[PDB]
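Raw target.txt, compact mmCIF, C-alpha atoms:
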# COMPACT_ATOMS: atom_id res chain seq x y z
CA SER A 1 -65.40 -49.69 -46.41
CA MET A 2 -62.80 -46.82 -46.41
CA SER A 3 -64.01 -44.06 -48.82
CA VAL A 4 -67.02 -46.27 -49.78
CA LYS A 5 -70.24 -45.11 -48.17
CA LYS A 6 -73.92 -45.73 -48.72
CA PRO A 7 -76.02 -42.58 -49.20
CA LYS A 8 -76.49 -40.76 -45.81
CA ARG A 9 -79.89 -41.44 -44.05
CA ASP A 10 -81.03 -38.21 -42.21
CA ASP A 11 -80.77 -39.17 -38.52
CA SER A 12 -81.33 -35.67 -37.08
CA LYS A 13 -84.93 -36.36 -35.88
CA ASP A 14 -84.25 -39.81 -34.37
CA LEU A 15 -83.75 -38.45 -30.82
CA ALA A 16 -87.08 -36.70 -30.88
CA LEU A 17 -88.92 -39.55 -32.58
CA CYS A 18 -87.60 -42.15 -30.00
CA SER A 19 -88.70 -39.78 -27.26
CA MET A 20 -92.16 -39.60 -28.71
CA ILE A 21 -92.46 -43.39 -29.07
CA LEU A 22 -91.36 -43.78 -25.41
CA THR A 23 -94.06 -41.28 -24.38
CA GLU A 24 -96.66 -43.29 -26.28
CA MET A 25 -95.48 -46.48 -24.52
CA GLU A 26 -95.62 -44.76 -21.13
CA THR A 27 -99.19 -43.61 -21.59
CA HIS A 28 -100.53 -47.01 -22.78
CA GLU A 29 -102.73 -48.54 -20.13
CA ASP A 30 -100.70 -51.78 -19.97
CA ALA A 31 -97.43 -49.86 -19.25
CA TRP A 32 -97.72 -50.09 -15.44
CA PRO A 33 -95.41 -53.13 -14.98
CA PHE A 34 -92.67 -51.28 -16.89
CA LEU A 35 -92.78 -47.65 -15.75
CA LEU A 36 -90.20 -47.96 -12.94
CA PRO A 37 -87.31 -50.25 -12.01
CA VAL A 38 -88.41 -53.56 -10.44
CA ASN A 39 -87.72 -53.25 -6.68
CA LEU A 40 -84.74 -55.61 -6.18
CA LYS A 41 -85.13 -55.56 -2.38
CA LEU A 42 -88.82 -56.58 -2.49
CA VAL A 43 -89.10 -58.99 -5.44
CA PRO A 44 -87.34 -62.27 -4.52
CA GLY A 45 -85.30 -63.77 -7.33
CA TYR A 46 -85.37 -60.76 -9.66
CA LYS A 47 -81.83 -59.50 -8.87
CA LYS A 48 -80.20 -62.89 -9.32
CA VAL A 49 -82.27 -64.02 -12.27
CA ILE A 50 -82.46 -60.86 -14.44
CA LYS A 51 -78.93 -59.95 -15.30
CA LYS A 52 -79.80 -56.61 -17.02
CA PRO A 53 -82.84 -54.95 -15.56
CA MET A 54 -84.46 -52.26 -17.74
CA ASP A 55 -87.57 -50.09 -17.51
CA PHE A 56 -89.19 -47.06 -19.25
CA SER A 57 -87.93 -44.49 -16.65
CA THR A 58 -84.36 -45.76 -17.03
CA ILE A 59 -84.74 -45.59 -20.81
CA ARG A 60 -85.96 -41.99 -20.52
CA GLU A 61 -82.94 -41.00 -18.44
CA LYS A 62 -80.47 -42.62 -20.84
CA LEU A 63 -82.16 -40.99 -23.86
CA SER A 64 -82.33 -37.50 -22.35
CA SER A 65 -78.66 -37.72 -21.26
CA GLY A 66 -77.16 -38.86 -24.61
CA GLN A 67 -76.48 -42.42 -23.61
CA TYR A 68 -77.90 -43.97 -26.79
CA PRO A 69 -75.41 -43.72 -29.64
CA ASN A 70 -78.07 -44.52 -32.21
CA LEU A 71 -81.70 -45.62 -32.64
CA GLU A 72 -80.81 -49.34 -32.62
CA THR A 73 -79.33 -49.13 -29.12
CA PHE A 74 -82.63 -47.53 -28.05
CA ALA A 75 -84.69 -50.39 -29.57
CA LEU A 76 -82.48 -52.96 -27.84
CA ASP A 77 -83.28 -51.47 -24.37
CA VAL A 78 -86.97 -51.41 -25.18
CA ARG A 79 -86.89 -55.04 -26.26
CA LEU A 80 -84.86 -55.95 -23.14
CA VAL A 81 -87.76 -54.70 -20.99
CA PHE A 82 -90.02 -57.27 -22.69
CA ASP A 83 -87.44 -60.03 -22.78
CA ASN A 84 -86.97 -59.60 -19.04
CA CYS A 85 -90.75 -59.69 -18.62
CA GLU A 86 -90.99 -62.98 -20.52
CA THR A 87 -88.18 -64.53 -18.47
CA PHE A 88 -89.76 -63.80 -15.11
CA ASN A 89 -93.53 -64.02 -15.77
CA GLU A 90 -95.90 -66.72 -16.94
CA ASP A 91 -97.51 -65.99 -20.31
CA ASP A 92 -100.81 -66.67 -18.57
CA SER A 93 -100.63 -63.80 -16.08
CA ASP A 94 -101.60 -60.11 -16.27
CA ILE A 95 -97.96 -59.01 -16.37
CA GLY A 96 -97.12 -61.70 -18.97
CA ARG A 97 -99.93 -60.49 -21.22
CA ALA A 98 -98.99 -56.83 -20.59
CA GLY A 99 -95.51 -57.60 -21.95
CA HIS A 100 -96.84 -59.23 -25.09
CA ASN A 101 -99.19 -56.35 -25.79
CA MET A 102 -96.55 -53.70 -25.16
CA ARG A 103 -93.99 -55.46 -27.40
CA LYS A 104 -96.47 -55.55 -30.29
CA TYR A 105 -97.50 -51.99 -29.70
CA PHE A 106 -93.84 -50.88 -29.74
CA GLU A 107 -92.93 -52.89 -32.87
CA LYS A 108 -95.78 -51.21 -34.75
CA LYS A 109 -94.80 -47.66 -33.70
CA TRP A 110 -91.20 -48.57 -34.61
CA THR A 111 -92.00 -49.91 -38.15
CA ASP A 112 -94.40 -47.08 -38.85
CA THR A 113 -91.95 -44.37 -37.71
CA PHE A 114 -88.74 -45.72 -39.32
CA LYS A 115 -89.32 -48.75 -41.78

Output the file's structure in the form of structure tokens.
Amino acid sequence: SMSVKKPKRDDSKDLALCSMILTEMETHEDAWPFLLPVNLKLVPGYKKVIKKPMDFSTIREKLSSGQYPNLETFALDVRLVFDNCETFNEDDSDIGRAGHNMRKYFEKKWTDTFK
């Protein structure tokens, strides 16, 4: 509360560390469904159904332009990519399985880097 603060966690490397994790996600072989925005002109249903589209390139732009106020807002966008994936794709599909793999891969990097 006012004048009552927990000890200060050093947040000065977070920007760089998030950037590294995003690079590791981008180079994973199952990243291909997620690298660029879904094409809203060419994928019927996606615009109407997915209210908040998100992808790795869009995450990169936001990060590199100071649009994440903290590391949790970054994690939320990453998870949104996989939540969107799950909404639109059958679990029993290549893209569905890609999303599951990538989510797990991310959550490990995240825990190991910060928790």

Pick out the residues sitting within 12 Å of residue 80 (chain A), and hand them over as a PyMOL selection string; count all atoms listed in the file, and ignore anything fewer than 3 positions along from it in its own chain. chain A and resi 34+50-56+58-59+73-77+83-87+99+103

Using all atoms listed in the file, find the one residue out of A:102, A:11, A:2, A:113 that sits nearest to residue 27 (chain A).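 Selected residue with least distance to residue 27 (chain A): A:102.
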
Selected residue of minimal separation from residue 49 (chain A) among A:72, A:88, A:16, A:62, counting only C-alpha atoms: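 Using only C-alpha atoms, residue 49 (chain A) sits closest to A:88.
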
Assuming 8 Å of padding per side, give the centre and edge lengths of the axis-aligned box around every listed atom of region 78-82 of chain A, in Å to one decimal and as lines of an AutoDock Vina configuration file.
center_x = -87.4
center_y = -54.3
center_z = -23.6
size_x = 21.2
size_y = 21.9
size_z = 21.3

Between A:101, A:89, A:70, A:57, smallest distance to residue 45 (chain A) by only C-alpha atoms belongs to A:89

Suppose you want the space between CA of residue 15 (chain A) and CA of residue 111 (chain A); what is it in Å?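 Answer for the CA of residue 15 (chain A) to CA of residue 111 (chain A) separation: 15.9 Å.
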
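Comparing the minimum interatomic distances between residue 21 (chain A) and each of A:63, A:42, A:4, A:95, counting only C-alpha atoms, we find that A:63 sits nearest.
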
Taking all atoms listed in the file into account, which of A:5, A:93, A:47, A:26 comes nearest residue 105 (chain A)? A:26

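The spacing separating CA of residue 18 (chain A) from CA of residue 100 (chain A) amounts to 20.0 Å.
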
Considering only C-alpha atoms, state which residue in the set A:48, A:8, A:79, A:41 is at the smallest distance from residue 106 (chain A).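 For residue 106 (chain A), the nearest of the candidates is A:79.
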
Between CA of residue 32 (chain A) and CA of residue 69 (chain A), what is the distance in Å, rounded to a tenth? 27.2 Å

Save region 26-68 of chain A to a file: C-alpha atoms, as a PDB file, in the first residue's frame.
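After the write, selection-v5.pdb holds the following:
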ATOM      1  CA  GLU A  26      10.619 -18.337 -33.580  1.00  0.00           C
ATOM      2  CA  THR A  27      13.361 -20.795 -34.407  1.00  0.00           C
ATOM      3  CA  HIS A  28      11.493 -23.897 -33.114  1.00  0.00           C
ATOM      4  CA  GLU A  29      10.438 -26.080 -36.004  1.00  0.00           C
ATOM      5  CA  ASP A  30       6.748 -26.040 -35.009  1.00  0.00           C
ATOM      6  CA  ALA A  31       6.634 -22.186 -35.034  1.00  0.00           C
ATOM      7  CA  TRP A  32       5.448 -21.894 -38.668  1.00  0.00           C
ATOM      8  CA  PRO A  33       1.704 -21.471 -37.897  1.00  0.00           C
ATOM      9  CA  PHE A  34       2.548 -18.546 -35.598  1.00  0.00           C
ATOM     10  CA  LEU A  35       5.303 -16.540 -37.315  1.00  0.00           C
ATOM     11  CA  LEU A  36       3.023 -14.070 -39.138  1.00  0.00           C
ATOM     12  CA  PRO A  37      -0.503 -12.691 -38.767  1.00  0.00           C
ATOM     13  CA  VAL A  38      -3.225 -15.068 -40.013  1.00  0.00           C
ATOM     14  CA  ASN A  39      -4.391 -13.681 -43.391  1.00  0.00           C
ATOM     15  CA  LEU A  40      -7.891 -12.336 -42.580  1.00  0.00           C
ATOM     16  CA  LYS A  41      -8.793 -11.979 -46.276  1.00  0.00           C
ATOM     17  CA  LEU A  42      -7.904 -15.617 -47.105  1.00  0.00           C
ATOM     18  CA  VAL A  43      -8.924 -17.610 -44.008  1.00  0.00           C
ATOM     19  CA  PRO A  44     -12.758 -17.696 -43.800  1.00  0.00           C
ATOM     20  CA  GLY A  45     -14.125 -17.261 -40.308  1.00  0.00           C
ATOM     21  CA  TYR A  46     -10.884 -16.144 -38.634  1.00  0.00           C
ATOM     22  CA  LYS A  47     -11.694 -12.395 -38.539  1.00  0.00           C
ATOM     23  CA  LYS A  48     -15.148 -12.877 -37.061  1.00  0.00           C
ATOM     24  CA  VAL A  49     -14.278 -15.702 -34.717  1.00  0.00           C
ATOM     25  CA  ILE A  50     -10.897 -14.591 -33.264  1.00  0.00           C
ATOM     26  CA  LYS A  51     -11.510 -11.311 -31.551  1.00  0.00           C
ATOM     27  CA  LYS A  52      -7.809 -10.585 -30.759  1.00  0.00           C
ATOM     28  CA  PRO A  53      -5.446 -12.015 -33.314  1.00  0.00           C
ATOM     29  CA  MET A  54      -1.810 -12.335 -32.195  1.00  0.00           C
ATOM     30  CA  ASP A  55       1.375 -13.768 -33.697  1.00  0.00           C
ATOM     31  CA  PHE A  56       5.171 -13.836 -33.049  1.00  0.00           C
ATOM     32  CA  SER A  57       5.971 -11.001 -35.550  1.00  0.00           C
ATOM     33  CA  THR A  58       3.377  -8.746 -33.916  1.00  0.00           C
ATOM     34  CA  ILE A  59       4.809  -9.624 -30.509  1.00  0.00           C
ATOM     35  CA  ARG A  60       8.293  -8.710 -31.746  1.00  0.00           C
ATOM     36  CA  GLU A  61       7.113  -5.314 -32.969  1.00  0.00           C
ATOM     37  CA  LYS A  62       5.329  -4.508 -29.704  1.00  0.00           C
ATOM     38  CA  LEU A  63       8.365  -5.588 -27.640  1.00  0.00           C
ATOM     39  CA  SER A  64      10.915  -3.658 -29.693  1.00  0.00           C
ATOM     40  CA  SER A  65       8.719  -0.515 -29.589  1.00  0.00           C
ATOM     41  CA  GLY A  66       8.067  -0.431 -25.803  1.00  0.00           C
ATOM     42  CA  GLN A  67       4.471  -1.548 -25.944  1.00  0.00           C
ATOM     43  CA  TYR A  68       4.770  -4.089 -23.118  1.00  0.00           C
TER      44      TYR A  68
END
